[PDB]
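Trainee: Questions regarding the structure given below will be posed in turn.
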There are 4 protein chains.
Amino acid sequence: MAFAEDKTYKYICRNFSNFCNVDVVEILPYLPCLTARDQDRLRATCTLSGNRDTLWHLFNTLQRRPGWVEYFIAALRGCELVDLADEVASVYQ
Amino acid sequence: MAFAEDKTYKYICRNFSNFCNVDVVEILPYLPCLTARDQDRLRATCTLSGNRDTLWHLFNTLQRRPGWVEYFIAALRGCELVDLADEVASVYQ
Amino acid sequence: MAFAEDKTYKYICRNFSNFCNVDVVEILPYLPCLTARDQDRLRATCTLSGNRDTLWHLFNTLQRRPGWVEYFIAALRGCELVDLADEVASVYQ
Amino acid sequence: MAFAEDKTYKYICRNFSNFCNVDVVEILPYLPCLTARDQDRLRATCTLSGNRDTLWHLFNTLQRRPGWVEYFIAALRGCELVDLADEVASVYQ
């Protein structure tokens, strides 16, 4: 699990611009691995810094909690970002 | 039962906009197939994301539990959404 | 008995707003035709959905059990809703 | 901790021109040791006086709050100022 998650997080970082269509506020409802604290912090970050800058923090926070990749794949599908979801599933395998 | 429920769930998904008048909070009292856990989660989803986004999760959760279509038909009738109820009964047959 | 009960239940449904003063929690002590299960369910419904919405379920549940109209007339009198009690007796005759 | 922070703050002051590429508005999202009050004041300072002059106040404010050097190193990395981040880590050790 660790190897696979680390690899996926590394891939998201190197390919960040693939993920800049992701809207932090829209994706949060599908990420139950994030705590209430995480969600409030990310909302504030978004308010202060904008969505693009917050995406980095979203990914950084996701990778700390447990069971993030499955939910991230789900969340991407929930937002109709199927190619992105498939690209994540592919790296996580 | 499985074939009929899967078909009804597929129909609800393809015809989602038919069901966007459904109010999640109003319909919950008629859905005893949902666990207390399901109801609390759906309430939270509604709080965080709004009714429309929660409807998707409502339908997704309903289809997992047992005996959901009958109660969903009942719940639609309970909320005076008779045409919608009939449309569901029609697909479930 | 069936014809008379069905007629009374139909009348309660068509004239629901006449009965919205009825307090579910206050009326339960006078309804021994309801099972312990019925009472617990109705309490929960009341907790989740409020008295008005629960009244519909109260009437729906009453009509299934046996010997409900007599006790319902009694229960209305027990709650000092004499005109309502008389209106029910009148339809049940 | 005090000795190390004081030394780092002294180094930032003596080597201020190394840090004049730092953009106050860009760095604030990575400085959770700053209070909401601190952030509003620094924004105003920036509006009235420009980024260079505000950097002095940024550093002066950072050094008062607790746990500032770690976050400052983080914030420099967040803004892709890796050599600067490393230079701070080096002095703080």
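Labeling convention for the structure tokens: chains A, B, ... as they appear, residues from 1 per chain, ligands from 1 in order of appearance.
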As a VMD selection string, please: the residues near residue C:52 (cut-off 10 Å, only C-alpha atoms, same-chain neighbours under 3 positions excluded).

Mentor: chain C and resid 16 to 17 19 to 24 46 49 55 to 58

Trainee: Using the selection just defined, write its residues with N, CA, C and O atoms as an mmCIF file, in the first residue's frame.

Mentor:
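Written file, selection.cif:
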```cif
data_model
loop_
_atom_site.group_PDB
_atom_site.id
_atom_site.type_symbol
_atom_site.label_atom_id
_atom_site.label_comp_id
_atom_site.auth_asym_id
_atom_site.auth_seq_id
_atom_site.Cartn_x
_atom_site.Cartn_y
_atom_site.Cartn_z
ATOM 1 N N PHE C 16 -57.234 15.686 6.297
ATOM 2 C CA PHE C 16 -56.034 15.579 7.128
ATOM 3 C C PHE C 16 -55.801 16.791 7.971
ATOM 4 O O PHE C 16 -55.434 16.655 9.139
ATOM 5 N N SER C 17 -56.051 17.970 7.395
ATOM 6 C CA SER C 17 -55.804 19.231 8.073
ATOM 7 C C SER C 17 -56.722 19.435 9.285
ATOM 8 O O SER C 17 -56.383 20.190 10.192
ATOM 9 N N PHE C 19 -57.117 17.174 11.402
ATOM 10 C CA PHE C 19 -56.429 16.330 12.394
ATOM 11 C C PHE C 19 -55.006 16.751 12.746
ATOM 12 O O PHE C 19 -54.347 16.080 13.536
ATOM 13 N N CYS C 20 -54.526 17.874 12.214
ATOM 14 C CA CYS C 20 -53.141 18.290 12.447
ATOM 15 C C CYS C 20 -52.860 18.886 13.836
ATOM 16 O O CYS C 20 -51.716 19.107 14.201
ATOM 17 N N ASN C 21 -53.924 19.155 14.593
ATOM 18 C CA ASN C 21 -53.810 19.470 16.020
ATOM 19 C C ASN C 21 -53.459 18.244 16.864
ATOM 20 O O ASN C 21 -53.009 18.381 18.000
ATOM 21 N N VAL C 22 -53.688 17.049 16.326
ATOM 22 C CA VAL C 22 -53.397 15.814 17.055
ATOM 23 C C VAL C 22 -51.887 15.695 17.309
ATOM 24 O O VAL C 22 -51.080 15.856 16.409
ATOM 25 N N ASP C 23 -51.546 15.467 18.575
ATOM 26 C CA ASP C 23 -50.166 15.307 19.002
ATOM 27 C C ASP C 23 -49.897 13.824 19.177
ATOM 28 O O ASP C 23 -50.504 13.164 20.021
ATOM 29 N N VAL C 24 -48.991 13.301 18.362
ATOM 30 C CA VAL C 24 -48.757 11.863 18.298
ATOM 31 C C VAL C 24 -48.347 11.315 19.665
ATOM 32 O O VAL C 24 -48.898 10.317 20.118
ATOM 33 N N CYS C 46 -41.331 10.522 14.716
ATOM 34 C CA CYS C 46 -41.584 11.846 15.239
ATOM 35 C C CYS C 46 -40.246 12.575 15.479
ATOM 36 O O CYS C 46 -40.120 13.772 15.182
ATOM 37 N N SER C 49 -38.787 13.406 11.878
ATOM 38 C CA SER C 49 -39.617 14.116 10.888
ATOM 39 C C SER C 49 -40.647 15.120 11.433
ATOM 40 O O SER C 49 -41.264 15.869 10.646
ATOM 41 N N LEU C 55 -48.121 12.010 11.837
ATOM 42 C CA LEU C 55 -49.579 11.798 11.868
ATOM 43 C C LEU C 55 -49.996 10.914 10.687
ATOM 44 O O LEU C 55 -50.796 9.999 10.868
ATOM 45 N N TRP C 56 -49.435 11.164 9.498
ATOM 46 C CA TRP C 56 -49.767 10.368 8.321
ATOM 47 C C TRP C 56 -49.450 8.881 8.620
ATOM 48 O O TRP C 56 -50.260 7.994 8.303
ATOM 49 N N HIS C 57 -48.270 8.638 9.184
ATOM 50 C CA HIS C 57 -47.815 7.290 9.517
ATOM 51 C C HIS C 57 -48.650 6.671 10.657
ATOM 52 O O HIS C 57 -48.920 5.464 10.643
ATOM 53 N N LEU C 58 -49.043 7.504 11.628
ATOM 54 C CA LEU C 58 -49.946 7.098 12.686
ATOM 55 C C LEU C 58 -51.235 6.531 12.079
ATOM 56 O O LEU C 58 -51.645 5.427 12.441
#
```

Trainee: Kindly give the distance, in Å, that separates atom CA of residue D:18 and atom CA of residue D:86, rounded to a single decimal.

Mentor: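 A separation of 12.4 Å between them.
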
Trainee: Between atom CA of residue A:88 and atom CA of residue A:72, what is the distance in Å, rounded to a tenth?

Mentor: 8.4 Å

Trainee: Identify, on the basis of only C-alpha atoms, every residue whose closest approach to stretch 32-42 of chain C does not exceed 7 Å; exclude the query and any residue fewer than 3 positions from it along the same chain; express the result as a PyMOL selection string.

Mentor: chain C and resi 45-46+54+58+62+65-68

Trainee: Counting only C-alpha atoms, give me one row per residue of chain A with an atom at most 12 Å from an atom of chain B, showing the shortest contact pair and its distance in Å to one decimal, sorted by chain then residue number, as JSON lines.

Mentor:
```
{"residue": "A:25", "atom": "CA", "partner": "B:49", "partner_atom": "CA", "distance": 9.0}
{"residue": "A:26", "atom": "CA", "partner": "B:49", "partner_atom": "CA", "distance": 8.1}
{"residue": "A:27", "atom": "CA", "partner": "B:49", "partner_atom": "CA", "distance": 9.8}
{"residue": "A:28", "atom": "CA", "partner": "B:49", "partner_atom": "CA", "distance": 8.7}
{"residue": "A:29", "atom": "CA", "partner": "B:49", "partner_atom": "CA", "distance": 6.3}
{"residue": "A:30", "atom": "CA", "partner": "B:45", "partner_atom": "CA", "distance": 9.1}
{"residue": "A:31", "atom": "CA", "partner": "B:45", "partner_atom": "CA", "distance": 11.0}
{"residue": "A:32", "atom": "CA", "partner": "B:41", "partner_atom": "CA", "distance": 10.2}
{"residue": "A:36", "atom": "CA", "partner": "B:48", "partner_atom": "CA", "distance": 10.6}
{"residue": "A:39", "atom": "CA", "partner": "B:48", "partner_atom": "CA", "distance": 10.1}
{"residue": "A:40", "atom": "CA", "partner": "B:48", "partner_atom": "CA", "distance": 11.0}
{"residue": "A:43", "atom": "CA", "partner": "B:48", "partner_atom": "CA", "distance": 11.6}
{"residue": "A:78", "atom": "CA", "partner": "B:56", "partner_atom": "CA", "distance": 9.2}
{"residue": "A:79", "atom": "CA", "partner": "B:53", "partner_atom": "CA", "distance": 10.2}
```

Trainee: Take the selection from the previous step and output its residues with N, CA, C and O atoms, as a PDB file, in the first residue's frame.

Mentor:
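result-v3.pdb, freshly written:
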```
ATOM      1  N   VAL A  25     -13.224  22.627  -4.082  1.00  0.00           N
ATOM      2  CA  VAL A  25     -14.510  22.694  -3.393  1.00  0.00           C
ATOM      3  C   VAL A  25     -15.477  21.610  -3.916  1.00  0.00           C
ATOM      4  O   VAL A  25     -16.134  20.964  -3.123  1.00  0.00           O
ATOM      5  N   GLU A  26     -15.480  21.374  -5.223  1.00  0.00           N
ATOM      6  CA  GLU A  26     -16.315  20.330  -5.812  1.00  0.00           C
ATOM      7  C   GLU A  26     -15.894  18.903  -5.431  1.00  0.00           C
ATOM      8  O   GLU A  26     -16.739  18.016  -5.321  1.00  0.00           O
ATOM      9  N   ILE A  27     -14.595  18.682  -5.238  1.00  0.00           N
ATOM     10  CA  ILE A  27     -14.078  17.338  -4.959  1.00  0.00           C
ATOM     11  C   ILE A  27     -14.171  16.876  -3.494  1.00  0.00           C
ATOM     12  O   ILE A  27     -14.254  15.683  -3.224  1.00  0.00           O
ATOM     13  N   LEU A  28     -14.171  17.821  -2.552  1.00  0.00           N
ATOM     14  CA  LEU A  28     -14.260  17.525  -1.112  1.00  0.00           C
ATOM     15  C   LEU A  28     -15.393  16.604  -0.637  1.00  0.00           C
ATOM     16  O   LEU A  28     -15.158  15.778   0.240  1.00  0.00           O
ATOM     17  N   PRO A  29     -16.633  16.745  -1.172  1.00  0.00           N
ATOM     18  CA  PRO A  29     -17.729  15.810  -0.830  1.00  0.00           C
ATOM     19  C   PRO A  29     -17.425  14.328  -1.084  1.00  0.00           C
ATOM     20  O   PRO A  29     -18.166  13.501  -0.621  1.00  0.00           O
ATOM     21  N   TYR A  30     -16.407  13.993  -1.888  1.00  0.00           N
ATOM     22  CA  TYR A  30     -16.117  12.586  -2.224  1.00  0.00           C
ATOM     23  C   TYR A  30     -14.850  12.078  -1.563  1.00  0.00           C
ATOM     24  O   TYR A  30     -14.356  11.032  -1.914  1.00  0.00           O
ATOM     25  N   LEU A  31     -14.338  12.832  -0.605  1.00  0.00           N
ATOM     26  CA  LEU A  31     -13.065  12.513   0.035  1.00  0.00           C
ATOM     27  C   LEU A  31     -13.239  12.295   1.548  1.00  0.00           C
ATOM     28  O   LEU A  31     -12.729  13.102   2.348  1.00  0.00           O
ATOM     29  N   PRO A  32     -13.955  11.222   1.953  1.00  0.00           N
ATOM     30  CA  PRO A  32     -14.158  10.946   3.375  1.00  0.00           C
ATOM     31  C   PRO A  32     -12.895  10.562   4.155  1.00  0.00           C
ATOM     32  O   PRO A  32     -12.951  10.494   5.375  1.00  0.00           O
ATOM     33  N   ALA A  36     -12.692  16.563   9.255  1.00  0.00           N
ATOM     34  CA  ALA A  36     -13.348  17.854   9.238  1.00  0.00           C
ATOM     35  C   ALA A  36     -12.311  18.982   9.302  1.00  0.00           C
ATOM     36  O   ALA A  36     -12.434  19.986   8.619  1.00  0.00           O
ATOM     37  N   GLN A  39     -10.752  19.627   5.870  1.00  0.00           N
ATOM     38  CA  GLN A  39     -11.694  20.296   4.982  1.00  0.00           C
ATOM     39  C   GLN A  39     -11.773  21.782   5.299  1.00  0.00           C
ATOM     40  O   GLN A  39     -11.809  22.614   4.387  1.00  0.00           O
ATOM     41  N   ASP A  40     -11.810  22.123   6.587  1.00  0.00           N
ATOM     42  CA  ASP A  40     -11.851  23.527   6.946  1.00  0.00           C
ATOM     43  C   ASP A  40     -10.577  24.244   6.572  1.00  0.00           C
ATOM     44  O   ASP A  40     -10.635  25.395   6.113  1.00  0.00           O
ATOM     45  N   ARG A  43     -10.549  24.738   2.735  1.00  0.00           N
ATOM     46  CA  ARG A  43     -11.456  25.831   2.401  1.00  0.00           C
ATOM     47  C   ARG A  43     -10.804  27.199   2.602  1.00  0.00           C
ATOM     48  O   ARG A  43     -10.899  28.074   1.723  1.00  0.00           O
ATOM     49  N   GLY A  78     -16.578  11.112  -9.530  1.00  0.00           N
ATOM     50  CA  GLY A  78     -17.744  11.868  -9.079  1.00  0.00           C
ATOM     51  C   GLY A  78     -17.872  13.243  -9.745  1.00  0.00           C
ATOM     52  O   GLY A  78     -18.968  13.752  -9.940  1.00  0.00           O
ATOM     53  N   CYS A  79     -16.736  13.842 -10.068  1.00  0.00           N
ATOM     54  CA  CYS A  79     -16.651  15.138 -10.742  1.00  0.00           C
ATOM     55  C   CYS A  79     -16.586  14.984 -12.268  1.00  0.00           C
ATOM     56  O   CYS A  79     -16.260  15.960 -12.958  1.00  0.00           O
TER      57      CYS A  79
END
```

Trainee: Can you check which residues of chain D DSSP gives as helix (DSSP H, G or I) on the backbone and send them as JSON, numbers by chain?

Mentor: {"D": [2, 3, 4, 5, 6, 7, 8, 9, 10, 11, 12, 13, 14, 16, 17, 18, 19, 24, 25, 26, 27, 28, 29, 30, 36, 37, 38, 39, 40, 41, 42, 43, 44, 45, 46, 47, 48, 49, 51, 52, 53, 54, 55, 56, 57, 58, 59, 60, 61, 62, 69, 70, 71, 72, 73, 74, 75, 76, 77, 78, 82, 83, 84, 85, 86, 87, 88, 89, 90, 91, 92]}

Trainee: Take the residues just selected and output them with C-alpha atoms as a PDB file, in the first residue's frame.

Mentor:
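Contents of selection_14.pdb, as written:
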```
ATOM      1  CA  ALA D   2      15.278  30.401  21.129  1.00  0.00           C
ATOM      2  CA  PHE D   3      19.036  30.407  20.380  1.00  0.00           C
ATOM      3  CA  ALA D   4      18.430  28.788  16.986  1.00  0.00           C
ATOM      4  CA  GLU D   5      15.551  31.080  15.986  1.00  0.00           C
ATOM      5  CA  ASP D   6      17.429  34.239  17.130  1.00  0.00           C
ATOM      6  CA  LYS D   7      20.474  33.149  15.144  1.00  0.00           C
ATOM      7  CA  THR D   8      18.299  32.537  12.035  1.00  0.00           C
ATOM      8  CA  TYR D   9      16.541  35.886  12.376  1.00  0.00           C
ATOM      9  CA  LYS D  10      19.911  37.661  12.809  1.00  0.00           C
ATOM     10  CA  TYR D  11      21.155  35.874   9.659  1.00  0.00           C
ATOM     11  CA  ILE D  12      18.069  36.891   7.650  1.00  0.00           C
ATOM     12  CA  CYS D  13      18.585  40.513   8.707  1.00  0.00           C
ATOM     13  CA  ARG D  14      22.321  40.607   7.838  1.00  0.00           C
ATOM     14  CA  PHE D  16      18.375  40.665   3.661  1.00  0.00           C
ATOM     15  CA  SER D  17      19.220  41.131   0.007  1.00  0.00           C
ATOM     16  CA  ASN D  18      19.393  37.335  -0.417  1.00  0.00           C
ATOM     17  CA  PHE D  19      15.655  37.323   0.517  1.00  0.00           C
ATOM     18  CA  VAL D  24       5.051  38.425   0.660  1.00  0.00           C
ATOM     19  CA  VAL D  25       1.624  37.719  -0.854  1.00  0.00           C
ATOM     20  CA  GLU D  26       2.783  34.410  -2.404  1.00  0.00           C
ATOM     21  CA  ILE D  27       4.451  33.189   0.823  1.00  0.00           C
ATOM     22  CA  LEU D  28       1.565  33.868   3.288  1.00  0.00           C
ATOM     23  CA  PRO D  29      -0.446  30.677   2.380  1.00  0.00           C
ATOM     24  CA  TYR D  30       2.459  28.577   3.822  1.00  0.00           C
ATOM     25  CA  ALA D  36      -5.232  36.277  10.776  1.00  0.00           C
ATOM     26  CA  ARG D  37      -4.357  39.667  12.285  1.00  0.00           C
ATOM     27  CA  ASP D  38      -0.705  39.332  11.183  1.00  0.00           C
ATOM     28  CA  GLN D  39      -1.800  38.502   7.602  1.00  0.00           C
ATOM     29  CA  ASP D  40      -4.156  41.452   7.351  1.00  0.00           C
ATOM     30  CA  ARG D  41      -1.550  43.847   8.720  1.00  0.00           C
ATOM     31  CA  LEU D  42       1.089  42.530   6.291  1.00  0.00           C
ATOM     32  CA  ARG D  43      -1.307  42.865   3.349  1.00  0.00           C
ATOM     33  CA  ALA D  44      -1.928  46.514   4.318  1.00  0.00           C
ATOM     34  CA  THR D  45       1.799  47.156   4.736  1.00  0.00           C
ATOM     35  CA  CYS D  46       2.323  45.702   1.314  1.00  0.00           C
ATOM     36  CA  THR D  47      -0.426  47.935  -0.117  1.00  0.00           C
ATOM     37  CA  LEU D  48       1.019  51.070   1.472  1.00  0.00           C
ATOM     38  CA  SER D  49       4.766  50.390   1.212  1.00  0.00           C
ATOM     39  CA  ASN D  51       6.915  44.168  -1.054  1.00  0.00           C
ATOM     40  CA  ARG D  52      10.558  44.972  -0.168  1.00  0.00           C
ATOM     41  CA  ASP D  53       9.627  47.157   2.828  1.00  0.00           C
ATOM     42  CA  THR D  54       7.003  44.565   3.907  1.00  0.00           C
ATOM     43  CA  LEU D  55       9.586  41.727   3.911  1.00  0.00           C
ATOM     44  CA  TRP D  56      11.310  43.415   6.883  1.00  0.00           C
ATOM     45  CA  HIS D  57       7.961  43.419   8.754  1.00  0.00           C
ATOM     46  CA  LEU D  58       7.269  39.827   7.640  1.00  0.00           C
ATOM     47  CA  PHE D  59      10.542  38.664   9.203  1.00  0.00           C
ATOM     48  CA  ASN D  60      10.044  40.837  12.281  1.00  0.00           C
ATOM     49  CA  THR D  61       6.522  39.389  12.791  1.00  0.00           C
ATOM     50  CA  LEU D  62       7.558  35.768  12.072  1.00  0.00           C
ATOM     51  CA  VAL D  69      11.557  28.709  11.115  1.00  0.00           C
ATOM     52  CA  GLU D  70      10.175  25.311  10.103  1.00  0.00           C
ATOM     53  CA  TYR D  71       7.208  26.934   8.389  1.00  0.00           C
ATOM     54  CA  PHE D  72       9.450  29.575   6.790  1.00  0.00           C
ATOM     55  CA  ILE D  73      11.633  26.790   5.351  1.00  0.00           C
ATOM     56  CA  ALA D  74       8.409  25.094   4.140  1.00  0.00           C
ATOM     57  CA  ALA D  75       7.098  28.375   2.688  1.00  0.00           C
ATOM     58  CA  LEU D  76      10.314  28.997   0.761  1.00  0.00           C
ATOM     59  CA  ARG D  77      10.135  25.490  -0.659  1.00  0.00           C
ATOM     60  CA  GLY D  78       6.426  26.033  -1.465  1.00  0.00           C
ATOM     61  CA  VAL D  82      14.926  25.866  -2.612  1.00  0.00           C
ATOM     62  CA  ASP D  83      18.394  27.410  -2.258  1.00  0.00           C
ATOM     63  CA  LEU D  84      16.964  29.994   0.110  1.00  0.00           C
ATOM     64  CA  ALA D  85      15.145  27.272   2.062  1.00  0.00           C
ATOM     65  CA  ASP D  86      18.376  25.277   2.329  1.00  0.00           C
ATOM     66  CA  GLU D  87      20.302  28.376   3.401  1.00  0.00           C
ATOM     67  CA  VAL D  88      17.771  28.910   6.227  1.00  0.00           C
ATOM     68  CA  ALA D  89      17.862  25.205   7.269  1.00  0.00           C
ATOM     69  CA  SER D  90      21.634  25.466   7.367  1.00  0.00           C
ATOM     70  CA  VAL D  91      21.687  28.439   9.733  1.00  0.00           C
ATOM     71  CA  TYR D  92      18.872  27.051  11.950  1.00  0.00           C
TER      72      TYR D  92
END
```

Trainee: Enter the distance from atom CA of residue A:64 to atom CA of residue A:81, in Å, rounded to one decimal.

Mentor: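 Separating atom CA of residue A:64 from atom CA of residue A:81 is a distance of 23.0 Å.
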